[PDB]
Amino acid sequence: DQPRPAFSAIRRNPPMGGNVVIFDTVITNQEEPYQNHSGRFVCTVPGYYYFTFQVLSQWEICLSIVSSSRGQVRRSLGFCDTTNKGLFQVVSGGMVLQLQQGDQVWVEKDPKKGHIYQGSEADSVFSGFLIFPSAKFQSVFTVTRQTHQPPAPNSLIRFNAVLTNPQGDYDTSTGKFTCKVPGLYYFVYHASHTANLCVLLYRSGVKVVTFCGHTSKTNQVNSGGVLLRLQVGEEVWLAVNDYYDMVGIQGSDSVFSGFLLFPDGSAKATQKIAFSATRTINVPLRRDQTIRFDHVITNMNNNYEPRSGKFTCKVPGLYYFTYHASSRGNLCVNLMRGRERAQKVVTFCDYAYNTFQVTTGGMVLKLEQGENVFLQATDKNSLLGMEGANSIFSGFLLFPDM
């Protein structure tokens, strides 16, 4: 069969000490590459993988996805939240890594900024999955912005440094991705800032989504992302508006990744399953209400129902689900999986006092045919959905037939 390595793990009863962040409770671990006793993913199948975390702090936290090869540690970008006010904050980050057999990948905390919430109210997650195995028409990039000076107001955000870009599809001299291989792409970013920042994602000259985060002095991470089916020559890029700050503190970086999931014309079209939907309704949510994302950007194979907000599995398999929510107050959402009655997988909470925020969560889930996945509101219901402060829910099948 084709290789299907993919995992998600959360914290519940983590072992104590060291700077490796151990996610002790496994949600998904197909081919068991993840070691919950150590917090380390081990590569068996060489290739390009995507790794991401969404970790809850109440104080100061700085985290970095670290890898090793032949036992030698390879340090990398960091992501921090230093709000430091006692309220829940989600720090997030992610990147593509090209790995060889035996390489390991993990999340490390800064020993001086290492606060991670411990308790039952909300969750922290680490996930990863193979994008394509090594050894052929692919597209993948992770780029970063290696400068201390922020973008100009109302301009395209250039990411000048490359972590991986084997097809040259992101051009660091123009700041744009240009499609060579037509098909369905995932695009995602995590940008560090210490003043207000809105990031806009553009496709062929049209603004697709915008996410904003406000801060004064302390460091936070603005995240966003979307699935788009692109044709040859189409351009995608990120931009800022009047809120342009990308000045991270030491140890907090900015990354933009993208990768082709489903090439057009590569067969088993019914298996190309991907949706991205935004919420344009701002009626107050009540506790236990399914959160409807009414506006469809992408819905390949029509497994997402915008009238309900639920995804329903037709092709059993491994899926990655993700969301980014704008908000002006305290927000907790339950990620639900089940049939008639669904059960909570995790709760993500992210608090905000007298400000604007963008939070995110994601999870790899194995689904059987007929199971539903959706987001469910709680008593902490400050969720905002509008042009210039979007809320989006997305999901995609990881391993369609070759």
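Note that residue numbering follows the sequence shown and begins at 1.
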Please count the deposited residues lying between residue 135 and residue 136 that the model leaves without coordinates, and give the class: none, 1 to 3, 4 to 9, or 10 or more. 4 to 9
Mean CA temperature factor from the deposited coordinates, higher in 22-30 or in 368-376? 368-376
So, looking at the entry's B-factor column for Cα atoms, which has the higher mean, 334-342 or 56-64? 334-342
Which one, 225, 94, 78, 71, has the peak C-alpha temperature factor per the PDB entry? 71
From the entry's CA B-factor values, the highest among 82, 252, 149, 104 is 149
Consider only the C-alpha atoms of the modelled residues in this chain, order them by B-factor as the entry records it, and name the third containing residue 282: lowest, middle or highest. highest
Residue 258 - which third its CA temperature factor falls in, relative to the rest of the chain: lowest
Give the position of residue 9 by CA B-factor within its chain, expressed as the lowest, middle or highest third. lowest
If you rank every modelled residue in this chain by C-alpha B factor, which third holds residue 311: lowest, middle or highest? highest
Sort the modelled residues of this chain by their C-alpha B factor and say whether residue 348 lands in the lowest, middle or highest third. middle
